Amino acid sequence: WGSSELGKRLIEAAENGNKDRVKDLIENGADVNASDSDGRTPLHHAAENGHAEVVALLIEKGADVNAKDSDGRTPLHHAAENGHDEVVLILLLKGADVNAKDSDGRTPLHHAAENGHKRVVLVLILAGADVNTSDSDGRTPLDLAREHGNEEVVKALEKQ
């Protein structure tokens, strides 16, 4: 096949944020939707690490915006968890489900609230995030913000 190979290089390049290298590999025929052993695509890795330009390019090159890993997480989950709000905006503008559930039944808003990312929380809400969605343990994003003492996130959520 020639590759891949190429996808493993692509996944690694997307994780590092090397945008030029991402271009070449895709040109060289690297599957933009290749996944690792954890089921993570280049889009999963770029989004997790906050590489907005790589995230944008990958989508332009046909990357699946709601791909799920072995934990059922979309790239939006990773961006929300790690507080990368520009990545969040880009993914949402490209048709990512704002209320996508992982294996634990958690939305991106759950992750943002738990990790205290107020800016991300606001973006998600604006994008139409259901603030009263609860996971498999019946817990809302607001509940997680309270446990972990994220008081600014707490405030933002009860004003809804």
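All residue numbers refer to positions in the sequence shown, first residue = 1.
Across the two stretches, 53-61 and 34-42, the PDB entry reports the greater mean Cα temperature factor for 53-61. Looking at mean Cα B-factors across 63-71 and 44-52, the upper value is held by 63-71. As recorded in the entry, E27 carries the highest CA temperature factor of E27, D102, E114, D97. Per the PDB record, residue ranking by Cα B-factor puts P141 in the lowest third of the chain. Ranked by C-alpha B-factor against the other modelled residues of its chain, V131 falls in the highest third.
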